[PDB]
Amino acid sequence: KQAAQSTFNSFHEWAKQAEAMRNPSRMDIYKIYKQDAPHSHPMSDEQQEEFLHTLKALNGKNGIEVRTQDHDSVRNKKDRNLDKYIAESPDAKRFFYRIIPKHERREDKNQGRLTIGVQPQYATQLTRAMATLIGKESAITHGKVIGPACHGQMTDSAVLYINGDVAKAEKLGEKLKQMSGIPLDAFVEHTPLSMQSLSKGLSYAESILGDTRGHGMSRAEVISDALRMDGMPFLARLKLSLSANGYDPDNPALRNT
């Protein structure tokens, strides 16, 4: 409720900035969300290398696999050789990696997404904790982490994809924090627009209908719709656009009902 209010208000602010623009495109609206990313200076060269080496060390152990999310690798079924990709790809420090359980878990059409924000110096530690948590918790279908050169500069540097609701995410979040060994001050105070803050560095949002546009683009498009409606206050149009698009009109982070 209080959670819902803070979340809606950041969504509404975003929407007002979109509304102030002249004939804004969906992409324009989306860039406002992208522009609001945290902007940490990257971890050092050695820290990046330690990150890649940890990925390779994690891959294939304790029920976990790590695969590049590089599109070319994926479609060619080449994403199954982590060590070779890191060795050769000039994008290895930049692209996303997914952390998956050895035995694939079916995704619900409606998933929760837990976004985790730590200082880039702790990315490796977080990644280890994510792998352990994914190993143990079958509610989590997979995780993803951005390459070490970009960790701390994206709205989505680290994400867990969860079959479950906000309560399940809260529990996994508190679990992640207590088990990671990462100092509490090292979590980054930042909540992406229209996501619900669970605690410092932990933000939650829900996706529907098997959506894969991503949280920013999906909520950007709710705003576009509201802008296209007429005859009602802008505030009511946003709430109506949320409902009509399947989200909770009082908490844009959540599915409707």
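The first residue of the sequence shown is number 1, and the count goes up from there.
- Note on 223 to 231 vs 31 to 39: mean CA B-factor is higher in 31 to 39.
- Mean CA B-factor, 75 to 83 versus 125 to 133: the higher value falls on 75 to 83.
- Each of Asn59, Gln69, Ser194, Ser44 has a CA temperature factor in the record; the biggest one is found at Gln69.
- Ranking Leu198, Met217, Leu209, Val188 by the C-alpha B-factor listed in the PDB entry places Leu209 at the top.
- Sort the chain's modelled residues by C-alpha temperature factor and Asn256 lands in the highest third, per the entry.
- Among all modelled residues in its chain, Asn110 ranks in the middle third by Cα B-factor.
- When the CA B factors of the chain's modelled residues are split into thirds, the value for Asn163 lands in the lowest one.
- In this PDB entry, the Cα temperature factor of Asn23 sits in the top third of its chain's modelled residues, the highest group.
- Sorting the modelled residues of the chain by their CA temperature factor places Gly117 in the lowest third.
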